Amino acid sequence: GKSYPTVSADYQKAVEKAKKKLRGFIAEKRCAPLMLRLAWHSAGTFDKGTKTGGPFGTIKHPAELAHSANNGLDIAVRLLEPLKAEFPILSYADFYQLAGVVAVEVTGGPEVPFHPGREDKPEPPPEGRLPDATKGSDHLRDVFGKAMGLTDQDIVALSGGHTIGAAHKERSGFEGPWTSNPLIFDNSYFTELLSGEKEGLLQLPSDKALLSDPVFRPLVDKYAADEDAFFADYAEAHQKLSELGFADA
């Protein structure tokens, strides 16, 4: 149920221009995982019942960056500011979601559809809406389902975003990559999850919760066996995530 706003031709030209420059910049800086995290932490604050939070540019606000869940994302915001300044017509809201789509693409993942038109909103949401890594399946459904309004399939697919990147003990406190190829967007997150803990590789309690939940576990198996199926479900979930509260909820 999305009705995307009309934006001017000049706006659409800037989107296409910005998309290309974001590819070059993110590939050069090797920061795709961090940019995906910035996009996801921007959007993941949406609460469907109140229609507050969501991907509306507030994460660049120092009050939102200071949330402990966002440790390390001020680096991301800073990295992007010079490029953003070359595209003054774009909202920060659109710019950060576009960076997220590009981060998935340049690491070899699916092409997530992107629609412009998000407005930058004045007030960041309250802290505490993003998921706690030490909790489990009920928690995940509270946050992805009851707050953001996403499905159980969306939760497992989006968890696969950890196929790129790593944790840092000075940011979350957790440390290391989930995969042997953490700048490559593939289904490796799920195959590692299934195989046991391997030395050097990370699994959060929130990752392991997927293995024991009766709805989540069949999806983990699907994705581990069929990367195309993962890509399809990932692309659907990321688009929905990136559009929470936008063009209708």
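We number the residues from 1 along the sequence you see.
Chemist: Which wins on mean Cα temperature factor, 124-132 or 88-96?
Modeler: Mean CA B-factor is higher for 124-132.
Chemist: Higher average CA B factor in the deposited record is what I'm after, so tell me if that's 109-117 or 72-80.
Modeler: Averaging CA B-factors over each stretch, the winner is 72-80.
Chemist: Would you mind checking which of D207, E197, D186, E28 has the top Cα temperature factor in the PDB entry?
Modeler: Of the candidates given, the C-alpha B-factor peaks at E197.
Chemist: How does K169 rank on Cα B-factor within its chain, lowest, middle or highest third?
Modeler: Tercile = middle for this residue's CA B-factor.
Chemist: Quick check on the deposited entry: does the C-alpha B-factor of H139 sit in the lowest, middle or highest third of its chain?
Modeler: Within its chain, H139 is a middle-third residue by C-alpha B-factor, going by the deposited values.
Chemist: Considering only modelled residues of the same chain, in which third does the CA B-factor of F216 rank: lowest, middle or highest?
Modeler: Top third by C-alpha B-factor.
Chemist: Split the chain's modelled residues into thirds by Cα B-factor; is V15 in the lowest, middle or highest one?
Modeler: For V15, whose C-alpha B-factor we compare with every modelled residue in the chain, the answer is the middle third.
Chemist: If you rank every modelled residue in this chain by C-alpha B factor, which third holds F46: lowest, middle or highest?
Modeler: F46: CA B-factor falls in the middle third of its chain.
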